[PDB]
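Enquirer: here is my input, please return the structure:
(chains A, B, C, D, E, F, G, H, I, J, K, L, M and N)
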Amino acid sequence: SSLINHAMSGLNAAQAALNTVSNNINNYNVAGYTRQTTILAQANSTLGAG
Amino acid sequence: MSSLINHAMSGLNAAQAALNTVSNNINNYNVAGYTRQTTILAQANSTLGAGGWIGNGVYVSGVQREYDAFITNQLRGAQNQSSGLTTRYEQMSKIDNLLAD
Amino acid sequence: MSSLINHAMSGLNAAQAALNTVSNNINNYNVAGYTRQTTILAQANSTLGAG
Amino acid sequence: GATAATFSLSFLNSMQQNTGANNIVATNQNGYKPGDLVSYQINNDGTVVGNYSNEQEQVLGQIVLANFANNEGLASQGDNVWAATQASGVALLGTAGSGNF
Amino acid sequence: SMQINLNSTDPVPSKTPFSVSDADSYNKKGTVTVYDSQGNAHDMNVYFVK
Amino acid sequence: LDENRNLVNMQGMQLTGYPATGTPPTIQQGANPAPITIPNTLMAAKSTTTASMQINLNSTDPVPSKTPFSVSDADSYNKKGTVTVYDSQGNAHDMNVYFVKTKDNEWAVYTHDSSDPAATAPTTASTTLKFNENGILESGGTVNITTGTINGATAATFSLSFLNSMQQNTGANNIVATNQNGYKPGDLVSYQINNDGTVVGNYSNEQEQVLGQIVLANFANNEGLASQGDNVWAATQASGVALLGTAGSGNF
Amino acid sequence: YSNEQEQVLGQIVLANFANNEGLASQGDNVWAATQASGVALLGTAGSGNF
Amino acid sequence: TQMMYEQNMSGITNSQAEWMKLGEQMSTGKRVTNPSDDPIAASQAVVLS
Amino acid sequence: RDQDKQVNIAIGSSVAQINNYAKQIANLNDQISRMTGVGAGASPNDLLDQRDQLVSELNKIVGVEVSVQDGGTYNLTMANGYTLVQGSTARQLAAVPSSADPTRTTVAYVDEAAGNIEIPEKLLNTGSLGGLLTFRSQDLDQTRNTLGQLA
Amino acid sequence: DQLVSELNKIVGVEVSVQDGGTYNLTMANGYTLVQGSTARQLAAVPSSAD
Amino acid sequence: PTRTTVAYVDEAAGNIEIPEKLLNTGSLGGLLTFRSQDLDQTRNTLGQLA
Amino acid sequence: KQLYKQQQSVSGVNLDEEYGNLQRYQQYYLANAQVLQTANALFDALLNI
Amino acid sequence: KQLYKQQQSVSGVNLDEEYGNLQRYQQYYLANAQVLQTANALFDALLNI
Amino acid sequence: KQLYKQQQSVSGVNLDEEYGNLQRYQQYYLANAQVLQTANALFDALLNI
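Expert: Numbers count the residues shown, from 1 in each chain, chains lettered A, B, ... in the order given. There you are, the coordinates:
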């Protein structure tokens, strides 16, 4: 449930970040390629839980 | 009595809530913007009543946002100072490189 | 008591901090102005149980 | 537009050297500006001490502890907090130096 | 209160008397800050000579 | 809450309590308890009628070049304070405060109703303020503006004070406080019940209205109370009759 | 738009009720209007009580 | 945890930047280049030029 | 002069940047206000964190004191004592080439009383954009005119 | 401490630990440099002497 | 008065310089002895030569 | 950076510390589970008569 | 040449921070895996009863 | 030069004792972590009861 949802969504973010770093470090030498960084953010935390 | 079942189950609720706090703590540790969130919960201590020390009063209080607001705003001021000094020194470097040439 | 885990976490934290300190002795090394920084260790405070 | 301060300025502990070298090093002064800052610390016994926008220190604060004649007698039924009982004796107040704290 | 320590064997300077920026007619500058009736701030500057 | 938004038990038996009435809504003991409800309504048009701000200042500023201040005199006044207000229809006005000074333990103030294009900025200092060498404000604590009527709304009127400031021994002109009593109206999305028995709602003006408190019964002999089914007691001669008090009323 | 341009058209209507728990579900992930629930109160997202 | 990563990583960065400068001077063969290499004597260099 | 126009363009963009941050801060302020109104003492600490961190982000561009409303939200004060925000509302800031000395770009800010300013750049001591401004004023202009004087 | 060491290496100076916007920082003529906000700004001048 | 030496401050009466003959110990006693014999005697010898 | 270090020392999270917190709560949960198990056992035992 | 140095000093990809990020997110991923497995384990420990 | 070196003697990082220390404390950190696992086995056995 929500705890597993936390576990996984963070896994999604980690995978995305790894993809980004691999992308950049591989593309590193190409003329015209600018470094790129991937950013994180919190969910639509909204309340009905007390 | 069988409320023990309930009682224990309130222990389960406390554990689940503590777990979710732990989960958000761990999952967001690297997010640009986050603060430690310690879980809080009560005890069936010596508040007066008419039952004695029965399992009356253990439950989840909520979660705090552990951030030094005082040094946080002071930090924003320090960021203003750094902004100014860093900005103008970079603009300096721009000319400096040509006199380097 | 939660002592069993707490001993370990105390020592773990202390070791990590001392690690940071000795690093700080390494990371600067060459730069003039620095002086070597040394660390202190001691027992935890007396929640002494019953003595 | 404020009062022109008047004061006594004392050259305490000056000395003359048959064979020495010269310097002026000391100052005592007993005035300070209006304070306007949030800055304080708590230390070791429930007393509270702070540094201030006068760039220096002050001490102001203490937290009072309580103990009873017989510890285990308290009210014993709820909520992380206690209440006194006749069996336990009414509170004796103190701060932590006198054995019972 | 401010303290001064000196050596006795000095060739007293030839300024009769001292002047606020005549450098030979003072030796070390000591300073005393002060605050008036209910806490407005001031600082006082001093000169000393033999 | 039923489709009437009246508070009821599962059978529909009403939850009674003491109501809040008037403005500000206050729990009136001078009534008898009745069913409490939640009207789906907006907040009262709480106009601004008072204000206060605190001004801890240095009184050595030399005469600014472009005195007097009226409109754009950015070389005439030394510090800005502001307090936003609401006319007596409940709409939005803002007040702006401007500080001008050549009186060496004192300060003088300009003001304007800075949402009002019909009124225009007064070209003269609206009030003068005083301090003593003991680092303390002494007097000057009054000024009023009537937030000018524009769109057929009644203009509101307020009075403003500046009490108990401390003096900044040199240079550091400062101002820290904000007070004004009023707020615009706003719709309701909140309802909370608390430990004291009270019931509060909160409104899109970002402020509150209270209407509700729950009152409890107490008896000389509980053994007289008789269940009528549906977990409801009939207060009986055998128990005495109800003595009423809310939580925190000593024995409740 | 396939011609480097944008248009906006769309907004859905939301419902809020006097007696949420009273809401008459039909099963199959749906509810319906009734007296006991109170008549429907409409709105747009984020607005007021929505 | 951030502080530790930043500490050691920036240690690497400043160690590199130091080496970079030594590398600059060594490779070029000039001890002085610019206001950042000589805010003072370069003026006398102009004079002597 | 290329560098001159660079600083002009940069400040022009910075205007939009501050306006965007103001809008975002106002939006989140609305959110926390309404959500704590519903909350009954709720702790949407994540919302709190992003709101105040976004504020800290804006501060760098122009030194700020994020002045508080009673419980919920703020009104935004620049370091000089000027202030432009109300609850969930953020007013506009605009980019203008100067009418005072027309070889520069500058910003415009408005008080809803009657009109907008072409900002008196005397005010602009705040960190980033005032960092650019001090460069332009003392450093850039002095060397510029020294060069021209010698030529 | 390193900054004051270099400041010394360009012009002789005293160095002893204290504060008050000031430091034990006398220099070549008994005059004192650093105090509060008034850290003295010296000048390059044509010489009345020559 | 050329020298510094160690004392116990019996604050009911004042500072009493414990005679230096007594400080035989390692670190502090050794430093005191080092001045007493080595440095003062060596400067005396240097001056006698001169 | 010093101010950042201290603010983060309050605010940040160490992976080590939470793993320790994680393990405790496993103990807490299983302890409560044991409690409910024994309660179930006694419940049915009582009902046996 | 100089302005190119500016452009690439701001925009270019490195090897250092990418390396550090690779490890930091490797660690983050493994930690979230710890969460996954231990959480399901606690759920199953409950589910058995 | 002599007196600068005399200052360095006390102040200067020596790079050998520190390196040996770096190893020594890694061992300590491992000792701590492993000990935690042992307590885990202890309350594992207690739980399994």
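
Enquirer: what does chain D put close to chain H?
Expert: For chain D, no residue is in contact with chain H (CB under 8 Å from any CB of the partner chain). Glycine gets a C-beta too; all of them are placed from N, C-alpha and C.

Enquirer: hey, where'd the strands end up in chain D?
Expert: D:15-17, D:23-24, D:41-43, D:47-51, D:57-59, D:65-67, D:92-94 (DSSP state E).

Enquirer: nearest to chain C, out of the ones you listed?
Expert: Closest to chain C of the strands of chain D is strand D:41-43 (CB to the nearest CB; 14.2 Å).

Enquirer: which strands or helices does that closest one pack on?
Expert: strand D:47-51 (3 or more CB pairs under 8 Å, 6 or more residues apart in numbering or on different chains; DSSP states H and E).

Enquirer: picking that back up, please identify the deepest-packed of the strands of chain D.
Expert: Of all the strands of chain D, strand D:23-24 has the most neighbours on average by mean count of other CB atoms under 10 Å in any protein chain shown, namely a mean of 20.

Enquirer: that one pairs with which strands, parallel or anti?
Expert: strand E:4-7 (antiparallel) (DSSP bridges).

Enquirer: next SSE after the host helix or strand of residue H:26?
Expert: Using DSSP states H and E, residue H:26 sits within helix H:2-28. Toward the C-terminus, helix H:2-28 is succeeded by helix H:41-48 as the next helix or strand (DSSP H and E).

Enquirer: could you pull out the helices for chain A?
Expert: A:2-26 (DSSP state H).

Enquirer: could you say which one of the strands of chain D comes nearest to residue I:95?
Expert: In terms of CB to CB, the element of the strands of chain D nearest to residue I:95 is strand D:47-51, at 44.3 Å.

Enquirer: which residues touch that closest one?
Expert: With contacts defined as CB atoms under 8 Å, 6 or more residues apart in numbering or on different chains, strand D:47-51 is touched by D:39, D:40, D:41, D:42, D:43, D:57, D:58, D:59, D:60, D:61, D:62, D:63.

Enquirer: and those residues, which is closest to residue I:30?
Expert: Nearest member of these to residue I:30, counting by CB to CB, is residue D:39, at 33.2 Å.

Enquirer: next, count neighbours for the closest one.
Expert: A count of neighbours around residue D:39, defined by other CB atoms under 10 Å in any protein chain shown, yields 11.

Enquirer: that one reaches residue D:54, doesn't it?
Expert: No. Between residue D:39 and residue D:54 there is no contact under CB atoms under 8 Å: 10.6 Å.

Enquirer: helix C:3-28 and the helix holding residue H:26, what's the angle between them?
Expert: 20 degrees (axes from the mean of the first three to the mean of the last three CA atoms, to 10 degrees).

Enquirer: who's in contact with the closest residue to residue D:63 other than its chain neighbours?
Expert: The shortest distance from residue D:63 to any non-neighbouring residue, by CB to CB, 6 or more residues apart in numbering or on different chains, is to residue D:46 (3.3 Å). Residue D:46 is in contact with D:61, D:62, D:63, D:64, D:65, D:95, D:96, counting by CB under 8 Å, 6+ apart.

Enquirer: how about the last one, nearest residue that isn't a chain neighbour?
Expert: By the measure of CB to CB, 6+ apart, the closest residue to residue D:96 outside its immediate chain neighbours is residue D:45, 5.6 Å from it.

Enquirer: residues near that neighbour, how many?
Expert: Neighbour tally, residue D:45, other CB under 10 Å: 13.

Enquirer: measure it to chain H for me?
Expert: Residue D:45 sits 31 Å away from chain H, going by CB to the nearest CB, to the nearest Å.

Enquirer: equivalent analysis for residue L:49, please.
Expert: According to CB to the nearest CB, residue L:49 stands 58 Å off from chain H.

Enquirer: doesn't that residue lie inside a helix?
Expert: No. Judged by DSSP: H, G, I helix; E, B strand; the rest coil, residue L:49 forms no part of a helix; its state is coil.

Enquirer: buried sites along stretch I:117-129?
Expert: I:117, I:119, I:121, I:123, I:124, I:125, I:126, I:127, I:128, I:129 (16 or more other CB atoms under 10 Å in any protein chain shown).

Enquirer: nearest to chain N, out of the residues you listed: which one, please.
Expert: Looking across the buried residues of stretch I:117-129 and measuring by CB to the nearest CB, the closest to chain N is residue I:127, at 35.9 Å.

Enquirer: which residues touch the closest one?
Expert: By CB under 8 Å, 6+ apart, the neighbours of residue I:127 are B:79, B:80, B:81, B:82, B:83, B:84, B:87, I:59, I:60, I:61, I:62, I:63.

Enquirer: now the last one: phi and psi?
Expert: So that's residue I:63. Dihedral pair for residue I:63: phi -50, psi 140, per degrees, to the nearest 10.

Enquirer: that one is in contact with residue I:126, isn't it?
Expert: Yes. Between residue I:63 and residue I:126 there is a contact at 4.2 Å, judged by CB under 8 Å.

Enquirer: quick one: common contacting residues for those two?
Expert: Shared contacts of residue I:63 and residue I:126, counting by CB under 8 Å, 6+ apart, come down to B:80, B:84, I:78, I:79.

Enquirer: select only the buried ones of these in PyMOL?
Expert: In PyMOL, this line selects whichever of the shared contacts of residue I:63 and residue I:126 come out buried by 16+ other CB under 10 Å:
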select buried, (chain B and resi 80+84) or (chain I and resi 78+79)
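
Enquirer: mind picking the two most distant members of the shared contacts of residue I:63 and residue I:126?
Expert: Taking CB to CB, no two of the shared contacts of residue I:63 and residue I:126 sit farther apart than B:84 and I:78, at 13.7 Å.

Enquirer: joint contacts of these two?
Expert: Taking CB under 8 Å, 6+ apart as the contact definition, residue B:84 and residue I:78 share the neighbouring residues I:63, I:126.

Enquirer: that older thread, now the contacts of residue D:46 as TSV including distance to residue I:93?
Expert: Formatted as TSV, the contacts of residue D:46 follow (distance: CB to CB, whole Å):
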residue	distance to residue I:93
D:61	46
D:62	51
D:63	49
D:64	54
D:65	56
D:95	56
D:96	57
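
Enquirer: now stretch D:74-92: buried residues?
Expert: D:74, D:75, D:76, D:77, D:78, D:79, D:82, D:84, D:85, D:88.
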